[PDB]
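Beneath this line is the structure, given in structure tokens, with notes to follow.
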Amino acid sequence: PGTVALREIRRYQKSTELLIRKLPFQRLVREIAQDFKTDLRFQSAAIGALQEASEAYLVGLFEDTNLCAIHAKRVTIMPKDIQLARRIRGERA
Amino acid sequence: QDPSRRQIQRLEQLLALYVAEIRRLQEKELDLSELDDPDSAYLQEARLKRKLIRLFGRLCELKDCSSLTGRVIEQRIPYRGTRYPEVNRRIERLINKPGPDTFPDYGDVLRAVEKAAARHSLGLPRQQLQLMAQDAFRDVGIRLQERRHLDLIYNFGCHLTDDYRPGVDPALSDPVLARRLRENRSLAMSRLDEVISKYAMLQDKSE
Amino acid sequence: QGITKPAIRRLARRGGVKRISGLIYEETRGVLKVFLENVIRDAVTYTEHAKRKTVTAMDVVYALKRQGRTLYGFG
């Protein structure tokens, strides 16, 4: 907090808080890059951005599904619920 | 208070070196093979960030200060939605529970409302309760989502992305790039819809 | 198999969902993969436009800014 701006620390902390393990995520991006016959490489920051945004997106999807679930007795979330929530709140991506 | 001063000087120096090395690692370009490697630059960056945060916490602990970094997601959400203060207090309590995973079900909110109304002994017409609870759950849930999203976009990326300006998108100029991006976008959307529907009709078949 | 049941469950909980269905796992993996595919396809387009060999985090940002409201408000 002398030579480092607090913003950067907030950022690194947030990186600490991700929910998907980083190695299998890496391997996922890897897989998609294989399927795309990509001749290219990815800078580590890009992978990071991908993961942050991806977990953001998934948690968002689930939030929307939660927000559309109104029942007298608590229900287990099933595919159809995701579908309907996505119709009501819209596709986030 | 001199050896302590020099100690915090050291720890802060180290914090800065950690930062510099993280900056360095973030810039590394990774081959398709590296993306399978357990010690790749991405994971090095990861563990380095971890140990950085640890050092930071140590410093806070050494400086009588708390380990908070002023995150938005830390900011207490207030709720004064219904004109029954006794319920507002309880809902506030619920949405600001300690934890990273304190996002409520509709059920949590309804239980809160029923509990408070029964405790503070008001006239609680059931249909009225259920409606009020549904509106509350929606309000509070929306705010929680907005907060997560702000927390995302405020602490997003790194120094490499910090210079983003929407109007410097080369796609605005180049019509070819814009066309490829257009076709791309249409595929993207139809693919997302494909999956959502796919699993929908799968659940349909199961039932 | 790569993205684990514990992780998917944890993501759902982060969003308020207490209980998910068996297919939710496979679906979350499918959704994640398609989303990633979309972001990637855009970024790769962006970086082949400027004749470069490596996919910059900026390419990913330009790409994400085109995935609906995903990074809505960033910038």
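Starting from 1 in every chain, residues are counted up; chains themselves are A, B, ... following the order of the structure tokens, and ligands are numbered from 1 as listed.
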**Message:** Give me, as a PyMOL selection string, all polymer residues having an atom no more than 12 Å from residue 75 (chain A), counting only C-alpha atoms and skipping those fewer than 5 positions away in the same chain.
**Reply:** (chain A and resi 65-66+68-70+81) or (chain B and resi 105-107) or (chain C and resi 17-21)
Keeping C-alpha atoms, export the residues of the selection given above as a CSV table (one decimal), in the first residue's frame.
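Contents of result-v5.csv, freshly written:
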```csv
chain,number,residue,atom,x,y,z
A,65,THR,CA,-32.9,-19.0,-12.7
A,66,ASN,CA,-33.2,-18.4,-9.0
A,68,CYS,CA,-37.6,-16.8,-11.7
A,69,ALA,CA,-38.2,-19.7,-9.3
A,70,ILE,CA,-41.3,-19.0,-7.2
A,81,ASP,CA,-36.3,-23.8,-15.3
B,105,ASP,CA,-33.8,-18.4,-2.5
B,106,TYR,CA,-37.4,-17.1,-2.8
B,107,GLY,CA,-38.0,-19.6,0.1
C,17,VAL,CA,-29.6,-22.0,-6.3
C,18,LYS,CA,-29.6,-24.5,-3.4
C,19,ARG,CA,-30.4,-27.7,-5.4
C,20,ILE,CA,-29.6,-28.7,-9.0
C,21,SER,CA,-30.7,-31.6,-11.2
```
Give me, as JSON lines, each residue of chain B that comes within 6 Å of chain C, together with its shortest interatomic pair and the distance in Å at one decimal, counting only C-alpha atoms, with rows ordered by chain and rising residue number.
```
{"residue": "B:101", "atom": "CA", "partner": "C:14", "partner_atom": "CA", "distance": 4.9}
{"residue": "B:103", "atom": "CA", "partner": "C:16", "partner_atom": "CA", "distance": 4.5}
{"residue": "B:104", "atom": "CA", "partner": "C:16", "partner_atom": "CA", "distance": 5.2}
{"residue": "B:105", "atom": "CA", "partner": "C:16", "partner_atom": "CA", "distance": 5.7}
{"residue": "B:153", "atom": "CA", "partner": "C:74", "partner_atom": "CA", "distance": 5.4}
{"residue": "B:161", "atom": "CA", "partner": "C:58", "partner_atom": "CA", "distance": 5.6}
{"residue": "B:188", "atom": "CA", "partner": "C:38", "partner_atom": "CA", "distance": 5.3}
```
**Nearest residue to residue 17 (chain A) from the set B:178, B:59, B:95, B:152 (distances using only C-alpha atoms)** =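 Looking only at the distances to residue 17 (chain A), the closest residue turns out to be B:152.
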**Request:** Compute the chain B side of the contact with chain A at 8 Å, counting only C-alpha atoms, and hand it back as a PyMOL selection string.
**Result:** chain B and resi 12-13+15-16+19+25-32+35-36+38+41-43+46+49-50+53+69-71+105-107+134+137-138+141+145+149+152+155-158+160+189+196-197+199-200+203
**Request:** Write out as a ChimeraX atom specification which residues come within 10 Å of residue 21 (chain B) when counting only C-alpha atoms, dropping same-chain ones fewer than 6 positions away.
**Result:** /B:44-45,48-49
**Message:** Please identify the alpha helix (DSSP H) residues within region 45-203 of chain B (assignment by DSSP from backbone atoms) and present them as an MDAnalysis selection string.
**Reply:** chainID B and resid 45:62 85:95 106:119 126:154 170:173 175:203
**Closest of C:51, C:69, C:29, C:5 to chain A - atom-to-atom distances counting only C-alpha atoms** =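 Smallest distance to chain A is found for C:69.
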**Asked** Can you tell me how far CA of residue 58 (chain A) sits from CA of residue 19 (chain A), in Å to one decimal?
**Response**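 So the two atoms, CA of residue 58 (chain A) and CA of residue 19 (chain A), lie 10.7 Å apart.
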